[PDB]
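Participant: Would you mind keeping the following structure in view while I ask a few things?
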Amino acid sequence: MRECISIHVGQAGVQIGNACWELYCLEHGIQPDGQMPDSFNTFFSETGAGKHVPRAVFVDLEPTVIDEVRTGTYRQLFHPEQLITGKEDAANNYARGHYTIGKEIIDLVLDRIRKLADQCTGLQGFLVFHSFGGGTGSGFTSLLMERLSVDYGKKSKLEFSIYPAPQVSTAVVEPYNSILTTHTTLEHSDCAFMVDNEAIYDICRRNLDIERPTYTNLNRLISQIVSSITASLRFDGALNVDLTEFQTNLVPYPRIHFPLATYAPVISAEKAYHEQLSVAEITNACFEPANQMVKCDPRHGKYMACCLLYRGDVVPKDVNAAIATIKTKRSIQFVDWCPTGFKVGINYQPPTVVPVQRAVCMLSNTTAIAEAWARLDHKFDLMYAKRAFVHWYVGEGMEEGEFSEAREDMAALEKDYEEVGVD
Amino acid sequence: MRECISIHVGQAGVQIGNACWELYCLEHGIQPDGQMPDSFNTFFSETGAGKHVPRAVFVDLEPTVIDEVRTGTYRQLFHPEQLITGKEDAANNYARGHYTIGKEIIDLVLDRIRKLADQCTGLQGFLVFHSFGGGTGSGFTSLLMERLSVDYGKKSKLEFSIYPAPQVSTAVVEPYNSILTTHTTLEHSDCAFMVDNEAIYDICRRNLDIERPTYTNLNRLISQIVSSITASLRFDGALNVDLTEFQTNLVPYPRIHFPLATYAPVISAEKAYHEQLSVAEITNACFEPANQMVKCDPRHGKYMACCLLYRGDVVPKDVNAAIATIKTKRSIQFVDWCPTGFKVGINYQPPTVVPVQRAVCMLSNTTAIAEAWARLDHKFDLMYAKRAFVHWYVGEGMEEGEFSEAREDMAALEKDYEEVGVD
Amino acid sequence: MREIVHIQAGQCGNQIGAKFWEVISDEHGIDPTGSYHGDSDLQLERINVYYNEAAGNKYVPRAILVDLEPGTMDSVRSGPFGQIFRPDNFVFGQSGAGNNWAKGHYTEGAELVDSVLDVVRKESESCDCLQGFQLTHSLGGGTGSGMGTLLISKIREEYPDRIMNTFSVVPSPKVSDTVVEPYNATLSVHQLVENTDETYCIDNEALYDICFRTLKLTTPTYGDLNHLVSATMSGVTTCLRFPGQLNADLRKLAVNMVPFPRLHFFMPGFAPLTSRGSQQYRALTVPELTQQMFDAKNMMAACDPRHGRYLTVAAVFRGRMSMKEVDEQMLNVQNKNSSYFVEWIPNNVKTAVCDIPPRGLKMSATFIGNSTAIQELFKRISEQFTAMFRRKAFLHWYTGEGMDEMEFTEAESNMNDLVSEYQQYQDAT
Ligand SMILES: Nc1nc2c(ncn2[C@@H]2O[C@H](COP(=O)(O)CP(=O)(O)OP(=O)(O)O)[C@@H](O)[C@H]2O)c(=O)[nH]1
Ligand SMILES: Nc1nc2c(ncn2[C@@H]2O[C@H](COP(=O)(O)OP(=O)(O)OP(=O)(O)O)[C@@H](O)[C@H]2O)c(=O)[nH]1
Ligand SMILES: Nc1nc2c(ncn2[C@@H]2O[C@H](COP(=O)(O)OP(=O)(O)OP(=O)(O)O)[C@@H](O)[C@H]2O)c(=O)[nH]1
Ligand SMILES: [Mg+2]
Ligand SMILES: [Mg+2]
Ligand SMILES: [Mg+2]
């Protein structure tokens, strides 16, 4: 009766969704053919025959990666009216994804939403797997979110996004993407989510015993996070926290909606022993700086709000002693005027494995993330100091002052976390 | 006890009838030899031996396409006194079909009607499959309908016709056909039916996964419509709507008798899954502009009356909620002074297949069709501004002012829908 | 006669009633189906007060189950004692309150309230004589906060004489399971102080403590967390359902205890409590049941009676027992803790003796306490309110529902009006 649809924008989001719906089919026992040999209306719908289809929309301006789903192993799962392709990519040009090509096939993707919104009645959240690296994953992202608040307005819109890395950075105009996309995702998204590529590597290198990771394995870490956020809807625990509450819990002021995800425990197969993984053991590893997936030191700021989504085998009194430890420390410290800073969620379902006992997803809306914007503002100034690459965005119809209008917009964003940090 | 005979005029109507009676034999299990290994008197009659013959009359002025029935696979089905051929065609000349050649073999075809009207006693409608493209399908059409209102007058006369396309237009004097035939089919036909070739292509291209259709496949779409209009006579549903009621339901004023047909759901074989095709799902696809078979946008006018002929597996309360949605929308809107604008018909017979669960035929007498006449009036003015091709119609005995008499006749036709549109 | 209609709300309070009606099932021999299997005929003599005897050897729980999402109603009906209820009475919404008080009280509270108030009317018409209404919910969630408090103001508009008791859990002192637990407390404080006749107040942390201090448990489940309140609620009306040497009911407990209508916020107490094997090595008699009550640790609300002053004391016993073994114990303990009480009441110990024990041990006692210790918890809660209010955070949700600061401020002032009055009689002696 309760639903939560998903949209995938750009090439980086599709390869996230290739591992996500790989995991969801293994959750409810679904085959790649939509077949299984109760309450799962959030991510699936039933046909007239005994087949289930995903509530997913795959958009791309280049026809490459969607053919990898249209010819891959997960081929028969998807409705061919969902698989939407373009012809010419934005090709790491935000003005092409926002003005040139994305304005043409915008009619088809938005029409597929209401075709999914017929059978949905408990519409409780949206999923937009979009990166800020590629132009298609960013230029279409701004055009998509404008119509939905015109469409729904009151319904929830969540973005499990990918943060551009401060050191290991692939493309060139990746600093140009973030400042331009700021005005959309601060005025439409109810709670955006930042994940950096860079912190994943040492988690793969040290904690997962494989120094040289693959992008197939980078998606496996985030796919476990997205499932355990939905662990209250898809199942039944003693304390089920639905997605309406998170945007009401984690948001003290309606502009501040940038937490970070933290999955724990992250172990290897050989290190599955030499440990016991009690509920007090693993939550201290959550607040370890080298276990999070965002390159931000949590002891460089203060926590505004914290959330903990447990699964597996959990007794709350045993967690009650675990939370009592973290308030009674000193290197871990909160925003002082928020003394009630925990949101606990327990599900009695084990964390499934993709080819352990319990697992924790930590969601901490903190002030440690605010330094990451300043590391990216420093990138954007010098490339705009030369007026470099202006003839591509202006070459694809964009105002020069639209950079400058969004330039001060980050300063009003940055002064928020600075103001909340002091008493 | 109830009957409905059929007449086929011109070459385009015969190839429609080649697929129609192909379908009817597959309905009641009839072989091509008139053989089957109850109540079907509407389209058939029984011989002394166990053979059934179609109530069809095939007229043509050229001997070509009738030999394709006289030598084809469906050869033994037809009475050779029904198969009527001419010698010289009208050859895309309306004045030849109306004055020159059609005046000679008019005696034979009209004599075959009363030979069929002996065994008929519940005569409830006529079927004239005539196109407006060819001269034989239009010139004979005017001469045929004049005698029948002299013959019967009170009996029903229906025309499942083919509308000439605004862009993909084959012949040259196709604008000359429509203005001349207007005075007959507005003064004899109880309810004419327009079907454009152009909207069929994208239905074949997108919705049927074959970008390059064949005329054998164009006839398959209309043949499903003609069957489900007769789905109340030939069978038994809980709400059987007979053909006397449609001309009384769909006609608010006796000149306005131009609805349009809409078959739905139109799916492909591979897209038979990834769907469930509930009775509320498919009726929204009926009012989709790209699913109808007439190139007219339904959101450019208002609906005067609507009809829905269901078959397959239908519960009316489940349809009662579906009709309640369409009145409670805004982009779909009626003529306001007609608040009772639905005619529902349910048959408990599945839509048969020609080499699914349910099917919908939608008949919507609307004001969106009135722009199609203005697109064809614009064609007819300039070709008459030069006085082009006057020496063929006057070359075959026709008044010049007979164009001009029918010229203002479209203006009195066009001002009807404009007057009904306002309150 | 004097039948009682049961209303639930929230998500915590439903699982308590999912255990509480199991307690009433074996306190009346009621099977999981709905039929009868008891042998003692004292059950059938007063069976009507918590059960409608339906047609054909049936018994249905006179209870109204209310949620705002179909999850918890599915969990009750699938697990134990779900088919015992009436399927007509599973009256629940589809949205979920979103852990917002204003969603449960203004927007979504107005929807399902009409479906409930007929069911309240249908039971109150069907009851021969009506005693009072009882409510089990949360003060931390959304559905337990707004939806339950919206009902009681409509019921006080209906019935002036009928009593009302809420077994509402206090928001937690130190652990913070709810992020907005002041915003679910303070907006719920104002409804409770107006038109609730008596109000039960249970801290979360002491319930963890009593399950760990006396019993010494390792893995306490909510089937054993919330079970202590289920025996507690049964001990309130256990003198009603059975005869005694000194009977009692919900009106006798009200007028004895509550000295002024703004001071009616109570604390429980239960005895005896043992371990699984450490159960015989103790003289489990009246003086052991005497001194097990009056200590600080037995209170399910975490408060020190040493840091406060009592006003009145009720005590409900179960099982057959003598009197001077009780009465002198119920007299002398006022003299050893002499300065902890208040001056202006002689013999503030209300005694109640039923003649039916629990299904189990031979004798049992239920303590109902009233003291000035609870107001010191609210000064933390008023601090927890103002800490999230001196920056004026979390307002745009309530602004999106529509509410001025004065409704927050006067309820905080009315919370301080509770502060100004429990301190007033504490300062007096
Ligand atoms: N002693 C118990 N406390 C509980 C239990 N479940 C939740 N809680 C507490 O109750 C509070 C949450 O309230 P609820 O469980 O009633 C949530 P509710 O349906 O009322 O509203 P929503 O937030 O809209 O879901 C919070 O303080 C929890 O710590 C339980 O089984 N026992
Ligand atoms: N999360 C994630 N990010 C990836 C992966 N592979 C590449 N990326 C990042 O994705 C960004 C590139 O975005 P893309 O989605 O591939 O490009 P696009 O949006 O389709 O736009 P164009 O390809 O420029 O037309 C870079 O920052 C890459 O580091 C992956 O497997 N997972
Ligand atoms: N419905 C339908 N129309 C067709 C088909 N093939 C051609 N047409 C249309 O039919 C029209 C031509 O009419 P015809 O019936 O072939 O010609 P006719 O009436 O016999 O007259 P002449 O051939 O000129 O002597 C044109 O508008 C064609 O586009 C077909 O398979 N189905
Ligand atoms: Mg790409
Ligand atoms: Mg022809
Ligand atoms: Mg709840």
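FYI, nothing fancy with the structure tokens labels: chains A, B, ... in order, residues from 1 per chain, ligands from 1 as they appear.
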Find the residues of chain B in contact range of chain A, meaning any atom within 10 Å when counting only C-alpha atoms, and list them as a PyMOL selection string.
Facilitator: chain B and resi 207+270-271+273-278+280-281+284+357
Participant: Output the selection as a PDB file, in the first residue's frame - C-alpha atoms for each residue.
Facilitator:
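This is the output file result-v7.pdb:
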ATOM      1  CA  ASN B 207       3.147   0.599 -30.080  1.00  0.00           C
ATOM      2  CA  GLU B 270       7.040  -8.841 -26.290  1.00  0.00           C
ATOM      3  CA  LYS B 271       5.158  -6.086 -24.423  1.00  0.00           C
ATOM      4  CA  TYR B 273       4.082  -8.739 -20.170  1.00  0.00           C
ATOM      5  CA  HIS B 274       5.400  -5.789 -18.083  1.00  0.00           C
ATOM      6  CA  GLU B 275       1.747  -4.754 -17.704  1.00  0.00           C
ATOM      7  CA  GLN B 276      -1.520  -5.911 -16.173  1.00  0.00           C
ATOM      8  CA  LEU B 277      -4.165  -4.132 -18.331  1.00  0.00           C
ATOM      9  CA  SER B 278      -6.789  -3.376 -15.721  1.00  0.00           C
ATOM     10  CA  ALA B 280      -8.849   1.664 -15.229  1.00  0.00           C
ATOM     11  CA  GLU B 281      -5.389   1.391 -16.785  1.00  0.00           C
ATOM     12  CA  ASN B 284      -6.773   6.403 -19.788  1.00  0.00           C
ATOM     13  CA  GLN B 357      -7.581 -10.654 -21.776  1.00  0.00           C
TER      14      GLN B 357
END
Participant: As a ChimeraX atom specification, please: every protein or nucleic acid residue near ligand 1 (cut-off 9 Å, counting only C-alpha atoms and all ligand atoms).
Facilitator: /A:238-242,244-245,344 /C:9-16,67-69,72,95-101,103-104,137-147,169-172,175-178,181,202-205,207-208,221-223,225-226
Participant: Output C-alpha atoms for every residue in the selection just made, as an mmCIF file, in the first residue's frame.
Facilitator:
data_model
loop_
_atom_site.group_PDB
_atom_site.id
_atom_site.type_symbol
_atom_site.label_atom_id
_atom_site.label_comp_id
_atom_site.auth_asym_id
_atom_site.auth_seq_id
_atom_site.Cartn_x
_atom_site.Cartn_y
_atom_site.Cartn_z
ATOM 1 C CA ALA A 238 10.228 -3.423 16.697
ATOM 2 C CA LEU A 239 11.098 0.203 15.875
ATOM 3 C CA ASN A 240 10.272 0.907 12.237
ATOM 4 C CA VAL A 241 11.242 4.418 11.163
ATOM 5 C CA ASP A 242 9.519 5.437 7.946
ATOM 6 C CA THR A 244 8.498 10.670 6.389
ATOM 7 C CA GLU A 245 10.187 10.843 9.796
ATOM 8 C CA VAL A 344 17.264 4.634 16.339
ATOM 9 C CA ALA C 9 -3.225 4.740 19.850
ATOM 10 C CA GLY C 10 0.382 5.142 18.802
ATOM 11 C CA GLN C 11 2.791 2.294 18.153
ATOM 12 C CA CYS C 12 4.202 1.604 21.618
ATOM 13 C CA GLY C 13 0.792 1.641 23.290
ATOM 14 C CA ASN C 14 -0.629 -0.914 20.870
ATOM 15 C CA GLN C 15 2.053 -3.500 21.634
ATOM 16 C CA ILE C 16 1.386 -2.932 25.338
ATOM 17 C CA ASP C 67 -3.113 3.450 14.140
ATOM 18 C CA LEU C 68 -2.262 5.565 11.073
ATOM 19 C CA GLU C 69 -0.367 2.963 8.994
ATOM 20 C CA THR C 72 1.088 -2.538 13.296
ATOM 21 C CA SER C 95 -0.466 7.652 6.115
ATOM 22 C CA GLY C 96 1.420 7.476 9.389
ATOM 23 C CA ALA C 97 1.767 10.571 11.561
ATOM 24 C CA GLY C 98 5.375 11.229 10.501
ATOM 25 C CA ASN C 99 6.404 11.725 14.162
ATOM 26 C CA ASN C 100 4.663 15.108 14.114
ATOM 27 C CA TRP C 101 2.234 16.197 16.817
ATOM 28 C CA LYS C 103 -0.025 15.939 11.831
ATOM 29 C CA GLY C 104 -1.704 13.795 14.483
ATOM 30 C CA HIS C 137 -0.270 5.362 23.764
ATOM 31 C CA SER C 138 3.050 7.222 23.596
ATOM 32 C CA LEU C 139 4.178 10.738 24.330
ATOM 33 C CA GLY C 140 7.177 10.515 22.008
ATOM 34 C CA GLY C 141 5.785 9.410 18.665
ATOM 35 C CA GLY C 142 3.356 11.090 16.330
ATOM 36 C CA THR C 143 0.283 8.881 16.509
ATOM 37 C CA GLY C 144 0.518 8.509 20.279
ATOM 38 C CA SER C 145 0.960 12.263 20.729
ATOM 39 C CA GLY C 146 -1.587 14.001 18.529
ATOM 40 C CA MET C 147 -4.270 11.425 17.779
ATOM 41 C CA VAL C 169 4.865 6.800 28.746
ATOM 42 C CA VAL C 170 6.960 9.800 29.819
ATOM 43 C CA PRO C 171 9.601 10.886 27.273
ATOM 44 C CA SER C 172 12.948 9.447 28.177
ATOM 45 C CA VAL C 175 18.477 8.217 26.130
ATOM 46 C CA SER C 176 17.098 10.081 23.109
ATOM 47 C CA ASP C 177 15.221 7.664 20.880
ATOM 48 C CA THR C 178 12.998 10.467 19.568
ATOM 49 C CA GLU C 181 10.675 14.339 22.065
ATOM 50 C CA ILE C 202 6.073 5.950 33.267
ATOM 51 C CA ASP C 203 9.712 6.735 32.537
ATOM 52 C CA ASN C 204 11.511 4.595 29.981
ATOM 53 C CA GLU C 205 14.820 4.281 31.820
ATOM 54 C CA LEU C 207 11.628 0.248 33.182
ATOM 55 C CA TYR C 208 15.017 -0.758 31.811
ATOM 56 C CA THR C 221 12.581 -7.932 25.065
ATOM 57 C CA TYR C 222 9.553 -5.662 24.757
ATOM 58 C CA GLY C 223 7.573 -8.785 25.634
ATOM 59 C CA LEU C 225 9.800 -4.617 28.948
ATOM 60 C CA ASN C 226 6.136 -3.796 28.356
#
Participant: So that I can check the surroundings of residue 95 in chain A, please list as a list in words every protein, DNA and RNA residue that reaches within 8 Å of it, counting only C-alpha atoms and ignoring chain neighbours fewer than 4 positions away.
Facilitator: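 Listing them by chain and then by number gives residues 90, 99, 100, 139, 392, 393, 396, 397 and 398 of chain A.
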Participant: Could you take the residues named above and write them with C-alpha atoms, as a short mmCIF file (atom, residue, chain, number, x, y, z; two decimals), in the first residue's frame?
Facilitator:
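Result written to selection08.cif:
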data_model
loop_
_atom_site.label_atom_id
_atom_site.label_comp_id
_atom_site.auth_asym_id
_atom_site.auth_seq_id
_atom_site.Cartn_x
_atom_site.Cartn_y
_atom_site.Cartn_z
CA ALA A 90 25.59 16.26 -22.83
CA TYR A 99 19.32 23.55 -22.24
CA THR A 100 20.32 21.72 -25.41
CA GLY A 139 22.15 18.72 -16.38
CA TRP A 392 31.04 26.31 -23.90
CA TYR A 393 28.27 27.26 -21.47
CA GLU A 396 25.33 26.42 -25.28
CA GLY A 397 23.13 29.28 -24.09
CA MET A 398 23.96 30.30 -20.52
#
Participant: Let me see if you get this right: every residue at most 9 Å from ligand 2, counting only C-alpha atoms and all ligand atoms, written as a CSV table (one decimal) with N, CA, C and O atoms, in the first residue's frame.
Facilitator:
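out07.csv was written with the following content:
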chain,number,residue,atom,x,y,z
A,9,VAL,N,19.6,8.9,-13.2
A,9,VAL,CA,19.9,10.0,-14.1
A,9,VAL,C,21.4,9.9,-14.4
A,9,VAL,O,22.2,9.9,-13.4
A,10,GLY,N,21.8,9.8,-15.6
A,10,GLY,CA,23.2,9.8,-16.0
A,10,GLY,C,23.8,8.4,-15.9
A,10,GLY,O,23.2,7.5,-15.5
A,11,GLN,N,25.1,8.3,-16.4
A,11,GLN,CA,25.7,7.0,-16.6
A,11,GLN,C,26.1,6.4,-15.2
A,11,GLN,O,26.0,5.2,-15.0
A,12,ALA,N,26.6,7.3,-14.3
A,12,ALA,CA,27.0,6.8,-13.0
A,12,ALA,C,25.9,6.3,-12.2
A,12,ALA,O,26.1,5.4,-11.4
A,13,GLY,N,24.7,6.8,-12.3
A,13,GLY,CA,23.5,6.3,-11.6
A,13,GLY,C,23.0,5.0,-12.1
A,13,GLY,O,22.5,4.2,-11.3
A,14,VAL,N,23.2,4.7,-13.4
A,14,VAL,CA,22.7,3.4,-13.9
A,14,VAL,C,23.5,2.3,-13.4
A,14,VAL,O,23.0,1.3,-13.0
A,15,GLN,N,24.9,2.4,-13.3
A,15,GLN,CA,25.7,1.4,-12.8
A,15,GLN,C,25.5,1.2,-11.3
A,15,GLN,O,25.8,0.1,-10.7
A,16,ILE,N,25.0,2.3,-10.6
A,16,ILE,CA,24.5,2.1,-9.2
A,16,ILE,C,23.3,1.3,-9.2
A,16,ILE,O,23.2,0.3,-8.5
A,60,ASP,N,19.1,8.4,-20.1
A,60,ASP,CA,20.5,8.7,-20.6
A,60,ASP,C,20.4,9.4,-21.9
A,60,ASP,O,19.5,9.1,-22.7
A,61,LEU,N,21.3,10.3,-22.1
A,61,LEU,CA,21.4,11.0,-23.4
A,61,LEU,C,22.2,10.3,-24.4
A,61,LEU,O,22.1,10.5,-25.6
A,62,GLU,N,23.1,9.4,-23.9
A,62,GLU,CA,23.9,8.5,-24.8
A,62,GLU,C,23.4,7.1,-24.8
A,62,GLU,O,22.9,6.7,-23.7
A,65,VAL,N,25.2,2.8,-22.1
A,65,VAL,CA,25.1,2.0,-20.9
A,65,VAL,C,23.7,1.4,-20.7
A,65,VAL,O,23.5,0.4,-20.0
A,88,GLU,N,22.4,12.1,-28.5
A,88,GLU,CA,23.6,12.8,-28.3
A,88,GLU,C,23.7,13.2,-26.8
A,88,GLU,O,22.8,13.7,-26.3
A,89,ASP,N,24.9,12.9,-26.2
A,89,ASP,CA,25.1,13.1,-24.8
A,89,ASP,C,25.3,14.6,-24.5
A,89,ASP,O,25.7,15.4,-25.4
A,90,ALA,N,25.1,14.9,-23.3
A,90,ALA,CA,25.6,16.3,-22.8
A,90,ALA,C,27.1,16.3,-22.8
A,90,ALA,O,27.7,17.4,-23.1
A,91,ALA,N,27.8,15.2,-22.6
A,91,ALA,CA,29.2,15.0,-22.8
A,91,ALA,C,30.0,16.0,-21.9
A,91,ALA,O,30.9,16.7,-22.4
A,92,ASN,N,29.8,15.9,-20.6
A,92,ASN,CA,30.4,16.7,-19.6
A,92,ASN,C,30.2,18.2,-19.8
A,92,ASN,O,31.1,19.0,-19.6
A,93,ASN,N,29.0,18.5,-20.3
A,93,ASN,CA,28.6,19.9,-20.5
A,93,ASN,C,27.3,20.1,-19.8
A,93,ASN,O,26.2,19.5,-20.3
A,94,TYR,N,27.2,20.9,-18.7
A,94,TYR,CA,26.0,21.1,-17.9
A,94,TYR,C,25.0,21.9,-18.7
A,94,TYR,O,23.8,21.7,-18.6
A,97,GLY,N,23.0,19.4,-20.9
A,97,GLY,CA,22.0,18.7,-20.2
A,97,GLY,C,20.9,19.5,-19.7
A,97,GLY,O,19.8,19.0,-19.4
A,129,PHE,N,19.2,8.7,-8.4
A,129,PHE,CA,20.6,8.3,-8.3
A,129,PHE,C,21.4,9.1,-9.4
A,129,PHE,O,21.5,8.7,-10.5
A,130,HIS,N,21.9,10.3,-9.0
A,130,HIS,CA,22.5,11.2,-9.9
A,130,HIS,C,23.9,11.5,-9.4
A,130,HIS,O,24.1,11.8,-8.2
A,131,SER,N,24.9,11.6,-10.3
A,131,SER,CA,26.2,12.0,-10.0
A,131,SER,C,26.3,13.5,-10.3
A,131,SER,O,25.6,14.1,-11.1
A,132,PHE,N,27.3,14.1,-9.7
A,132,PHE,CA,27.7,15.5,-10.1
A,132,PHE,C,28.9,15.6,-11.1
A,132,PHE,O,29.3,16.7,-11.5
A,133,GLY,N,29.4,14.4,-11.5
A,133,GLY,CA,30.5,14.4,-12.4
A,133,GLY,C,30.1,14.6,-13.8
A,133,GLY,O,30.6,15.6,-14.4
A,134,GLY,N,29.3,13.7,-14.3
A,134,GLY,CA,28.9,13.8,-15.7
A,134,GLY,C,27.9,14.9,-16.0
A,134,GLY,O,27.1,15.2,-15.1
A,135,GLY,N,27.9,15.4,-17.2
A,135,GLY,CA,26.9,16.4,-17.5
A,135,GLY,C,25.5,15.9,-17.6
A,135,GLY,O,24.6,16.7,-17.2
A,136,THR,N,25.3,14.7,-18.0
A,136,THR,CA,24.0,14.1,-18.1
A,136,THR,C,23.4,13.9,-16.7
A,136,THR,O,22.2,14.1,-16.5
A,137,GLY,N,24.2,13.4,-15.8
A,137,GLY,CA,23.8,13.2,-14.5
A,137,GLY,C,23.6,14.4,-13.6
A,137,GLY,O,23.0,14.3,-12.5
A,138,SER,N,24.0,15.6,-14.2
A,138,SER,CA,23.8,16.8,-13.5
A,138,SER,C,22.8,17.8,-14.3
A,138,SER,O,22.0,18.4,-13.7
A,139,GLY,N,23.0,17.8,-15.6
A,139,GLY,CA,22.1,18.7,-16.4
A,139,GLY,C,20.7,18.3,-16.5
A,139,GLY,O,19.8,19.1,-16.4
A,140,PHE,N,20.5,17.0,-16.6
A,140,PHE,CA,19.1,16.5,-16.5
A,140,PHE,C,18.5,16.5,-15.1
A,140,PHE,O,17.3,16.6,-15.0
A,161,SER,N,23.3,10.7,-4.0
A,161,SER,CA,24.1,11.3,-5.0
A,161,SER,C,25.6,10.9,-4.8
A,161,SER,O,25.9,10.1,-3.8
A,162,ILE,N,26.5,11.3,-5.7
A,162,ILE,CA,27.9,11.0,-5.6
A,162,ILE,C,28.6,12.3,-5.6
A,162,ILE,O,28.6,13.1,-6.5
A,163,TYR,N,29.4,12.5,-4.5
A,163,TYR,CA,30.1,13.8,-4.3
A,163,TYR,C,31.4,13.8,-5.2
A,163,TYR,O,32.1,12.8,-5.2
A,164,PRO,N,31.8,14.9,-5.8
A,164,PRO,CA,33.0,14.9,-6.6
A,164,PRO,C,34.2,15.0,-5.7
A,164,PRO,O,34.2,15.8,-4.7
A,165,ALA,N,35.3,14.3,-6.0
A,165,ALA,CA,36.4,14.0,-5.1
A,165,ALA,C,37.3,15.2,-5.1
A,165,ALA,O,37.6,15.9,-6.1
A,168,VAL,N,41.2,12.9,-6.2
A,168,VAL,CA,41.1,12.0,-7.4
A,168,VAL,C,40.0,12.4,-8.2
A,168,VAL,O,38.8,11.9,-8.1
A,169,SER,N,40.2,13.4,-9.1
A,169,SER,CA,39.2,14.0,-9.9
A,169,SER,C,39.4,13.7,-11.4
A,169,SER,O,40.5,14.0,-11.9
A,170,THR,N,38.4,13.1,-12.1
A,170,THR,CA,38.6,12.6,-13.4
A,170,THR,C,38.4,13.7,-14.5
A,170,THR,O,39.4,14.0,-15.2
A,171,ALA,N,37.3,14.4,-14.6
A,171,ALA,CA,37.0,15.3,-15.6
A,171,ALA,C,37.6,16.7,-15.2
A,171,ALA,O,38.2,16.9,-14.2
A,174,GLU,N,34.2,19.5,-13.8
A,174,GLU,CA,33.5,19.1,-12.5
A,174,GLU,C,33.4,20.1,-11.5
A,174,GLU,O,32.4,20.1,-10.7
A,195,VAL,N,28.1,11.3,-1.2
A,195,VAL,CA,29.0,10.2,-1.0
A,195,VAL,C,30.2,10.5,-1.9
A,195,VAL,O,30.1,10.7,-3.1
A,196,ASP,N,31.4,10.4,-1.3
A,196,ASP,CA,32.6,10.6,-2.0
A,196,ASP,C,33.2,9.3,-2.5
A,196,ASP,O,33.1,8.3,-1.8
A,197,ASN,N,33.9,9.3,-3.7
A,197,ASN,CA,34.6,8.1,-4.1
A,197,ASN,C,35.8,7.8,-3.3
A,197,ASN,O,36.2,6.7,-3.2
A,214,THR,N,37.3,-2.2,-8.0
A,214,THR,CA,36.6,-2.1,-9.2
A,214,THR,C,35.3,-1.3,-9.0
A,214,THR,O,34.7,-1.3,-7.9
A,215,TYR,N,34.8,-0.6,-10.0
A,215,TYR,CA,33.6,0.1,-10.0
A,215,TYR,C,32.4,-0.8,-9.7
A,215,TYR,O,31.3,-0.3,-9.3
A,216,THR,N,32.5,-2.0,-10.1
A,216,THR,CA,31.5,-3.0,-9.7
A,216,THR,C,31.4,-3.2,-8.2
A,216,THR,O,30.4,-3.3,-7.6
A,217,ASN,N,32.6,-3.1,-7.5
A,217,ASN,CA,32.6,-3.2,-6.1
A,217,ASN,C,32.4,-1.9,-5.4
A,217,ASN,O,32.0,-2.0,-4.2
A,218,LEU,N,32.6,-0.8,-6.0
A,218,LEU,CA,32.2,0.5,-5.4
A,218,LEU,C,30.7,0.7,-5.2
A,218,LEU,O,30.2,1.3,-4.3
A,219,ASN,N,30.0,0.1,-6.2
A,219,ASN,CA,28.5,0.2,-6.1
A,219,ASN,C,27.9,-0.7,-5.0
A,219,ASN,O,26.8,-0.5,-4.5
A,222,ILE,N,27.4,1.2,-1.6
A,222,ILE,CA,26.3,2.2,-1.5
A,222,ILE,C,24.9,1.4,-1.5
A,222,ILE,O,24.0,1.8,-0.9
Participant: Using only C-alpha atoms, determine which residues lie at most 9 Å from residue 348 in chain B, disregarding the query and same-chain residues fewer than 6 positions distant; provide the list as a list in words.
Facilitator: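 Answer for this query is residues 235, 236, 237, 238, 310, 311, 312, 313 and 314 of chain B.
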Participant: Write a file of the just-selected residues containing C-alpha atoms, as a short mmCIF file (atom, residue, chain, number, x, y, z; two decimals), in the first residue's frame.
Facilitator:
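See again38.cif below for the written result:
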data_model
loop_
_atom_site.label_atom_id
_atom_site.label_comp_id
_atom_site.auth_asym_id
_atom_site.auth_seq_id
_atom_site.Cartn_x
_atom_site.Cartn_y
_atom_site.Cartn_z
CA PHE B 235 -22.93 -12.62 -28.40
CA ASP B 236 -24.29 -11.96 -24.91
CA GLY B 237 -22.80 -9.62 -22.35
CA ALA B 238 -24.41 -8.18 -19.22
CA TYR B 310 -15.74 -3.40 -23.53
CA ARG B 311 -15.06 -7.08 -24.07
CA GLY B 312 -13.04 -9.85 -22.48
CA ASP B 313 -13.29 -9.78 -18.68
CA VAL B 314 -15.01 -6.71 -17.21
#
